[PDB]
Amino acid sequence: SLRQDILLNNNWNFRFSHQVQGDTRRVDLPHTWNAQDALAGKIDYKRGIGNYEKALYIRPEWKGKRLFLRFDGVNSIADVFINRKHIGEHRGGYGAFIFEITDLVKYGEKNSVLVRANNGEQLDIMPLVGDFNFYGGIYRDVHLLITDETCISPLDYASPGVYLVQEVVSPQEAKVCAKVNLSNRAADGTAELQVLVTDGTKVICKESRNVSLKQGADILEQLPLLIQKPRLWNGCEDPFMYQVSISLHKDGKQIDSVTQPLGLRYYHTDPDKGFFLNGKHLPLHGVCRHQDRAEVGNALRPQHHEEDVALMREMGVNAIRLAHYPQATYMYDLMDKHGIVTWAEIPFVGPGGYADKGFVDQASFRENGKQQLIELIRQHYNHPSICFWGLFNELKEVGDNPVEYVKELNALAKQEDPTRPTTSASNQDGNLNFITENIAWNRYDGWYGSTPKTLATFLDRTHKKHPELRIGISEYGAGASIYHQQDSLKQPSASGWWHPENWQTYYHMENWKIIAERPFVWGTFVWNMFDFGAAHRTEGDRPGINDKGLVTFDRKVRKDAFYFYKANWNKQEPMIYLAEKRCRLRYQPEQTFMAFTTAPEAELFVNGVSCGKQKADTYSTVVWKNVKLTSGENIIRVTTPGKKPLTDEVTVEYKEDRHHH
Amino acid sequence: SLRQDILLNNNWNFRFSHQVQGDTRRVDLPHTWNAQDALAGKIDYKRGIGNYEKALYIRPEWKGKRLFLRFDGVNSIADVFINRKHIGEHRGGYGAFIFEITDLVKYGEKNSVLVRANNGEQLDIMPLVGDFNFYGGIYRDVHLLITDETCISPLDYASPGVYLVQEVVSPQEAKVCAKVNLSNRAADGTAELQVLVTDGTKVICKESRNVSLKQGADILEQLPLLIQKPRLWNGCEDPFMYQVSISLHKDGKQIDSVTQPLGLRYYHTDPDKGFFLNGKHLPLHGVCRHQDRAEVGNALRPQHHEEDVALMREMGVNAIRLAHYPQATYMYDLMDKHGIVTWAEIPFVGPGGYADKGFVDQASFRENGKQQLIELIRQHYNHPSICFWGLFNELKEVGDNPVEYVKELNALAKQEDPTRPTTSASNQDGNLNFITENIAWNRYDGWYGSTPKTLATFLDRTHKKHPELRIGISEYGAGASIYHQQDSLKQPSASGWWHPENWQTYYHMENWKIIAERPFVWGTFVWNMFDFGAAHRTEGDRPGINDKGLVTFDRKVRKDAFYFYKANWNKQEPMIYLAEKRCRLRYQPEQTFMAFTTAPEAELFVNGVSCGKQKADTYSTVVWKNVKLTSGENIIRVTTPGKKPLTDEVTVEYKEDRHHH
Amino acid sequence: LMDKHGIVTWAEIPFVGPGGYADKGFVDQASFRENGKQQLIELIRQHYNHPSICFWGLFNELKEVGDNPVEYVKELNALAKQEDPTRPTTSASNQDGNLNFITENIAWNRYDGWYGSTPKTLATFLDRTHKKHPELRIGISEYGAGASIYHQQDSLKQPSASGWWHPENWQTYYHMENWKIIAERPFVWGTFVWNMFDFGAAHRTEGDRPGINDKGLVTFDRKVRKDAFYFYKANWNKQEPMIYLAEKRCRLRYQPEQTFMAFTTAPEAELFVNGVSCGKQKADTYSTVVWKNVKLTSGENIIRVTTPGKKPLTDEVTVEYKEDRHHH
Ligand SMILES: [Cl-]
Ligand SMILES: [Cl-]
Ligand SMILES: [Cl-]
């Protein structure tokens, strides 16, 4: 009667329903059928039904236990059949879902499991539009869960069935209400519910209640926990969590158990001073991250989540906006573990500069959106990293006006979880900005026209006109191809096929200086940590890509901007990085070299001869001007001070040719 | 206060939602966006959202009237917006639907009408599968209807709002209950409802009732009609209909009016003797017809319906199965007018020899199917041609078992309309065959393997084992390309790229002889009158086509089988037709020539010299054997008897070459 | 079949230029040039004995810009004359200048009244060219206009050529006006409608569907004859009696004052509306009968035209007249 969790990812048989013959090919999960077409820039990539079928041997000894199929994510509608009989449907591409199959299987034989996944367009399931790909299929894990007939229920919106509600938290004491779903299919009886909080081998809490469970009972039980002088989850400084074991016992035997983290903290956002974690001001040095990657689409493996977090911590990221939808439980686990303050959001996404709408005013759309919000909150309730619930991105009032509906979602979020503030990401003026507790804007001053300086004007004017708003920046960024390089700085056309890397570097340096000076801005999030898929894009070095990443789509190459942020945000790892190394061909008679470093100064050498030292500025940048190259090959080297220095080096070619002038 | 019906077909602006930019092109309705891709055999043709927008000037003098947008058909989900505000959704590709826009428009200015049509795959809207194309878009007319504030309601499942229920019909007298929907938006008041039955200028009935109408009233009123010694709608012999005018009057002014046909008849099907219309046995010489055509897809214009009916009457068709879905009101009008007994059906279509299912056992699918059935019955209630309601085609029990659900549809059909029997088209053994009042099978003996003789064995054995069944043949046919010709008769592989026209001719001649001898078979329907689109097909002379038509897809060329049926079914138009004229190259030393004619004999000439007369057989066929051709060109001519004969003629080339033997 | 039926035939090699599109019909390299000569020799030798062939066409719409094919076209002309001195050479041009002065007969592709302008500029072009270059034997190698049989409107208005609206009445009007210009100019040795049939051109995005050049007088499947076909039939096939009512596919009428038009080989015709005669009208020089200010009754109207005599030919249509609309 130990709970079992059996992965069912291997060897499914797949075909599209547009293939009428019935032949199938082997696939293995996680899987999307849009990893080739959408990623090649095909705008009308396959959106429709793909069918996955697998034989599952139901063990004779599972008779008398309860059996559940839990899906971590299927985009975007899933219809599940056991022995070809429909058992249920889930509508929504990003939340987990579960079906009990206990009474639906034949014990001691192979049973068919068939999943018919549909990512076809709909007007009743958010997201309706967006600058990303709606990759179809079973792109997260599938599990067979086996439990006692009397269990901690897995059936409440596919959540772990335990909510560790933080009611009061300070360094003196924490009070928590452990709410636990119980489900009984055995005879009427009683059981003992135990909640055990530990830190390593040390017991911190232990609470018990006897509970009466009628046959067919599905009930919520609540146990208070008190922890004196708690160790708090304090972001990257100390991402500490207790372990909580919730178990059911009968006549001296444990019959079921689940574990969840408890990371205690408290926070607030001040309109003038920014974000405070556990009573201390904390600048939120944030980036955004989509759940896709080159070649595999959104069919991410655990090492992919692991590498994305490793790259963010290397850069000194301490905040993340996991846009534009609920992401993997494992990704939120890694945010908990590494101390990253997380903004998690539902996929209520508007059109941006494109056509159509994020909101369609019909009951089916509205009720589904509420179910997606409840899923997000209940499924991910216990992650201390999550400190904001995001309710939308770039909705607009024209046509169907989502204002009243967004007020409904806000009230529902506050009722489900009074312990986190709501937030949203806006690109509009007006009423949509005054609903959520924190507000943020997506700003591209210096990329989509204008100069970075208009970001400063916007922030200052907004803060002065509306002093009660807690203002953030939910997106800012600029495109870059690592293969587009030029000696001189000039602003490219955003929508064109030329995105020189130096303009992205310049964009981030100027925008960051504006942000750094404005502590009323509670958090800022770079769009985006990685290049990502968007099939309709036709810009930069190839179609189908949003190239605003600080790192490329395959996670292989860090663009110059990554190191500018690393020098400024990760000050305890010594480093020096020469900018513009991918610009190998130089034409300008007067060369400028620039390095990012954590050192107070650096020295430049050209062809083995020192050009002398320069001091790092407040933004960890060292600059040498009017450097003279010799025609042909030149070796450029920068070094930090001391007898054991760090170095960076490049060979460039200097050419006096051109073109008219 | 005359009712206005304004066509809104011209000059809409279209784009796909996968085109994110917002640019549009002009289109004109009727329109499908699948007339090129699906018709070229692209199996993954575009299934998703297409958007149509048009400015509609709302006249200041329409203020005080009621305004309705009525759509004859949008495949398969339509979401309608006025000034970009959602007003409603319709789910189902084949039934009409309507929205009142009276209170939703700005009078005296241009208002936007936006229709977002979606033909993306769904598992909750029949048809889920089928051997035809699911052409997307606004493929039938759109109308703006303008009425008095007090009107005969257009809002009951978009029907005309009048049901002329035939309660008793004989040559001595007919009793009819005129059920009329009334809708009032003006102040509380009374009005006079009048029902006027006419034949040309002669008044046959006139009945009146005063009715009390509360503000906001939507009520059903019923007036009895009695017609003594009625003229009955008697099929092609006398397709007579009365005209019925239903009108509302107030203080000596007519305020609203609608007209509907009244074609009185009675019928029954006997298990041993077949179908009886108005007390007289009537063999049902039937064909099936899909609502598509070459080049335009299902975006049919009225001349297309007109030509299809003209071709069927030319062939002597007196029965039709309008498969596999509710078809145009105009097509049922033409069936009424021409006397064609009609089987009309909902799109509850199963997979046939292909994968997947026609039934998914979930409430959303089931409730939508009932709404599609109610639509079909209410919208098309008054057409005398419709004598059967078809509930499914080729469902199967394996997996989700639709038996109980089909019993629900049968009971709903009988409750909505006790005056027509239900029927269905089966390809299975077992319980699915015992639900509807009449049953029929789809049979391809001599095409999908076997010999036509196994059709005879099936019919005889079924009739003997189940003597209570009213057995029909809902499909029988064989493929043919007019470009595949060979001198000798040999059975081709059905699924191959060689469909010689002579095999189709042979198939129909043999199958028809089996049918003609079996009067217990109440109706038989050729699959199909026309070649039609099915993108997944890969057989005959080109992909994407089901080539079982007696006439080609563009309606241009009648295949030999058409004339075999014409000679046998249209005996009052004199004709002679030489078979195998498209087979221009002859190799066999001993040639056979065959003609179909209404004459008792015919004479063959070869190179201007008579080969003598031969008698027509019982099936209107004349055959000459061992005809000797001379090497090279030969002129072959056949003539009917008399001094003013009808002729047919062809030049063939006889070659003594070949290939081994 | 051209031999058998007596049809004078212009047969040509595929030396085709870009028209209004990109790229070139000529690339100046020996491999291209030698292959073109082999294609010309093939055409002449393989088809030498057909009496119907009376002209050898050497190109269609080449242009001088870039690789200049003038000298090479002179080579092809000399080769044609050496292979077959018994037929003249010809070509189809859309340019001014030297390309027009090589072949014995010359012709132009003209779309006045379709690709902008009015048909009247065809008359100006023909007259001015003939006067400035009196030695040229001038023909019209293409003239035409697009039409979908599914695009119909009550009023005559010029559509955008490259757009998705090609009303059949504009094609009818185009051919009637252009033909009148041609008929009056006997110095024009031959004129050739572009085209007898709609045909395939995958890059086209106009008329009622992509991938089609819809300038045919008959549709692509050969099933439907457009109104212009019967205008030409009445004027060119005068020994088969006929009457044809124009605009029958325009079933919905809105104009208060209706005009009906018939093409016939008869000297006059009579119109009936709802079974009542509107009287006879005379056919003009171009075999056209016209009735103006015909009054329809709201709803269905039966329109019938008949030729004179006790055994007449007839044509008939039912239209629907509607007083609705749109602002005005
Ligand atoms: Cl929106
Ligand atoms: Cl089925
Ligand atoms: Cl050229």
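Rules used in this analysis
For each chain, positions are counted from 1 along the sequence as written; this may not be the entry's numbering. Residues without coordinates are not shown. Here every chain gets a letter starting at A, and every ligand a number starting at 1, in the order they are written. Each value given relates to the chains shown, not to the larger assembly they are part of. Excluding hydrogens and water, the side-chain figures rest on all heavy atoms present in the structure. Residues with missing side-chain atoms are left out of burial classes, side-chain pairs and their counts. Each helix corresponds to a stretch of at least 4 residues labelled H or I by DSSP, and each strand to a stretch of at least 2 residues labelled E; elements are numbered beginning at the N terminus. UniProt positions are given in the numbering used here, feature names are shortened, and annotations may be inferred rather than shown by experiment. Note on contacts: a residue pair qualifies if any of its non-hydrogen atoms lie within 4.5 Å across the two residues. Whether a residue is buried, partly exposed or exposed follows from its accessible area with a 1.4 Å probe, protein chains only, as a fraction of its type maximum: under 20%, in between, or over 50%, in that order. Strand pairing is defined by DSSP finding a minimum of two bridges between the two strands. A clockwise course of the path from the first strand over the helix to the second, judged with the strands pointing away from the viewer, identifies a crossover as right-handed. Fitting a line to C-alpha atoms yields each axis, with helices limited to the stretch in contact; the angle taken between N-to-C directions then spans 0 to 180 degrees. Put simply, buried area is the surface a 1.4 Å probe can reach on two separate parts but cannot reach once they are joined, added for both. Definition used for salt bridges: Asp or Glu carboxyl oxygen within 4 Å of a side-chain nitrogen of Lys or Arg. Polar contact is defined as a pair of N or O atoms within 3.5 Å, subject to the rule that within protein one atom must be able to donate a hydrogen and the other to accept it, and that residues adjacent in sequence are counted only when both atoms are side-chain atoms. We call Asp, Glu, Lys and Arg charged. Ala, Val, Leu, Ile, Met, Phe, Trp, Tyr, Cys and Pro are nonpolar, and the rest, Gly among them, are polar. By convention a nonpolar core is built from buried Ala, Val, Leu, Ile, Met, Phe, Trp, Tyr and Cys residues, the set being connected through side-chain atoms within 4.5 Å. Two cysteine sulfur atoms make up a disulfide if the distance between them is within 2.5 Å. Start and end points for every domain follow an automatic or database-based domain assignment. We superpose the copies by least squares, fitting on C-alpha atoms.

**So, the overall build of chain A**
When helices and strands are tallied, chain A shows seven helices and 39 strands. Across its three principal axes, chain A shows a C-alpha extent of roughly 90 × 65 × 55 Å.

**Some points on the UniProt feature "active site" in chain C**
Residues and elements named next belong to chain C. Feature annotation in UniProt assigns "active site" to the following positions: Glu 61. With respect to the element layout, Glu 61 can be found in the loop between strand 2 (53-60) and helix 3 (70-83). Contacts of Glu 61, omitting those with residues within four sequence positions, involve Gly 17, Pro 18, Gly 19, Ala 92, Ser 93, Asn 94, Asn 109 and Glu 142.

**Thoughts on the pairing of strand 35 (residues 601-606) of chain A**
Every other side chain in a regular strand lies on the same face of the sheet, so the side chains alternate between the two faces. Residues and elements named next belong to chain A. Of all six residues in strand 35, five are buried, a share of seventy percent or more. Following strand 35, the chain reverses through two residues before pairing antiparallel with strand 36 (residues 609-615); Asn 607 in that reversal takes a positive phi of roughly 50°. Bridge count between strand 35 and strand 38 (residues 632-639): four bridges; the pairing is antiparallel. Across the sheet, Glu 603 pairs through a bridge with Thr 639, a residue of strand 38.

**A closer look at unusual backbone geometry**
Residue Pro127(A) follows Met126(A) across a cis peptide bond; omega there is 0°. With respect to the helices and strands, the residue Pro127(A) is situated in the loop between strand 9 (110-118) and strand 10 (142-147). Positioned with a positive phi, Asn626(B) is a non-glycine residue whose angle comes to about 55°. Of note, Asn626(B) is situated in strand 37 (residues 621-627).

**Brief notes about the pairing of strand 25 (residues 386-393) of chain B**
Residue and element names in this part refer to chain B. In terms of burial, strand 25 is largely enclosed, as eight of its eight residues are buried. Pairing analysis gives four bridges linking strand 24 (residues 341-345) to strand 25, with the strands arranged parallel. Looking at the pairing, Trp 343 lines up with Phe 388 of strand 25. Following the chain from strand 24 across helix 3 (residues 363-379) to the adjacent parallel strand 25, one finds a crossover that is right-handed. By the bridge criterion, three bridges tie strand 25 to strand 26 (residues 422-426) in an arrangement that is parallel. Along strand 26, the bridge assignment pairs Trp 389 with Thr 422.

**Some details on the sheet that holds strand 3 (residues 25-27) of chain B**
All names here are of chain B. In spatial order, the strands read 3-2-4-9-6-7; together these six strands make up an open sheet with antiparallel pairing. Pairing within the sheet leaves two strands with one partner each, and these edge strands are strand 3 and strand 7 (85-91). Sheet twist, expressed as the average angle between the axes of neighbouring strands with direction ignored, equals 25°. Both strand 2 (residues 12-16) and strand 4 (residues 49-57) contribute to a ladder of four bridges, which runs antiparallel. When the sheet's bridge partners are listed, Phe 16 is paired in strand 4 with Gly 50.

**Considerations on the UniProt feature "binding site: D-glucuronate" in chain A**
Residues and elements named next belong to chain A. Under the UniProt annotation, the feature "binding site: D-glucuronate" is placed at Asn 393, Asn 442, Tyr 448, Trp 527 and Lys 548. Its location among the elements puts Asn 393 in strand 25 (residues 386-393). Once you skip the residues sitting within four places of it in the chain, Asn 393 turns out to touch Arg 321, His 324, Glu 345, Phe 348, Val 349, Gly 350, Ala 425, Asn 442 and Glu 475.

**Some details on the interface of chain A and chain B**
Interface size is often expressed as the accessible area that is lost when the parts come together. Each partner contributes residues to the interface: chain A has 35 residues there, and chain B has 35 residues. With both sides pooled, the region where chain A packs onto chain B buries about 3,200 Å², and carbon together with sulfur makes up 47% of that total. In terms of surface lost to chain B, no three residues of chain A exceed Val20(A), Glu121(A) and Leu123(A), which account for 20% of the buried area on that side. With its nearest N and O atoms 3.3 Å apart, the salt bridge here joins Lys46(A) to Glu121(B). Counting across the interface, chain A meets chain B through 19 residue pairs in polar contact. Of all the secondary-structure elements, those providing two or more residues to the side of chain A that touches chain B are strand 4 (49-57), strand 6 (77-82), strand 7 (85-91) and strand 9 of chain A. The element contributing the most residues to the side of chain A that touches chain B is strand 7 of chain A, with four residues. The residue makeup of the side of chain A that touches chain B, split by class, is eight nonpolar, 12 polar and 15 charged.

**Observations concerning the side chain of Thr103(C)**
Residue and element names in this part refer to chain C. If you trace the backbone, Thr 103 turns up in the loop between strand 3 (89-93) and strand 4 (106-109). A relative accessible area of 8% places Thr 103 in the buried class. Within the local environment of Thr 103, its side chain forms a polar contact with the side chain of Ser 91, the two groups lying 2.9 Å apart. Here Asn 105 takes part through its backbone oxygen, which lies 2.7 Å from a polar atom of the side chain of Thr 103. The contact partners of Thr 103, leaving out residues within four places of it in the chain, are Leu 58, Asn 77, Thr 89, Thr 90 and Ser 91.

**Some remarks on the nonpolar core**
One finds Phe348(B) and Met529(B) to be the most contacted residues of the largest nonpolar core, which totals 107 residues. Broken down by element, this core gets its largest block of residues, seven residues, from helix 7 (residues 560-569) of chain B. Once you skip the residues sitting within four places of it in the chain, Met529(B) turns out to touch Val287(B), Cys288(B), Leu311(B), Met312(B), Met315(B), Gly549(B), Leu550(B), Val551(B) and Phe562(B). By size, the runner-up hydrophobic cluster in this structure holds 106 residues, among which are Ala323(A), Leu432(A), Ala456(A) and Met509(A).

**Section: the environment of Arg185(C)**
All names here are of chain C. With respect to the helices and strands, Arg 185 occurs in the loop between helix 5 (168-183) and strand 6 (191-193). A relative accessible area of 12% places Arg 185 in the buried class. C-alpha separation for the pair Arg 185 and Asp 208, spaced 23 residues apart in sequence, amounts to 34 Å. Not counting chain neighbours up to four residues away, the residues in contact with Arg 185 comprise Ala 123, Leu 126 and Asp 127.

**Looking at the interface of chain C and chain B**
Taken residue by residue, the interface counts 15 residues in chain C and 23 residues in chain B. Across the side of chain C that touches chain B, the residue classes tally to six nonpolar, two polar and seven charged.

**Observations concerning the state of the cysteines**
Scanning the entire structure with this criterion turns up zero disulfides over all chains. Free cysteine: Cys288(A), not disulfide-bonded; nearest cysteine sulfur from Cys387(A) at 16 Å. Its sulfur unpaired, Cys583(B) is 18 Å from the next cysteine sulfur, which belongs to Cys611(B). Given the relative accessible area of 4%, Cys583(B) is considered buried.

**What to know about the domain arrangement of chain A**
Residue and element names in this part refer to chain A. Looking at the assigned domains, one finds that chain A contains domain 1 (1-148), domain 2 (149-266), domain 3 (267-574) and domain 4 (575-661). Between the C-alpha centres of domain 1 and domain 2 the distance comes to 30 Å. With 14 residues of domain 1 in contact, the opposing surface of domain 2 contributes 15 residues. Regarding the contact of domain 1 and domain 2, the summed buried area is about 1,100 Å², with carbon and sulfur atoms giving 49% of it. Interface area lost by domain 1 to domain 2 is led by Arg 3, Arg 66 and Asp 148, which between them contribute 53%.

**Structural notes on the relation of the copies chain A and chain B**
Its rotation angle being 180°, the transformation that places chain A on chain B also includes 0.0 Å of axial translation and leaves an RMSD of 0.0 Å. Expressed as an axis order, the relation between the two copies is that of a two-fold axis. Scanning chain A for the C-alpha nearest the rotation axis identifies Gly120(A), at a separation of 2.8 Å. The overlap is high: 100% of the interface residues of chain A also sit at the interface in chain B, so the same surface is used on both sides.

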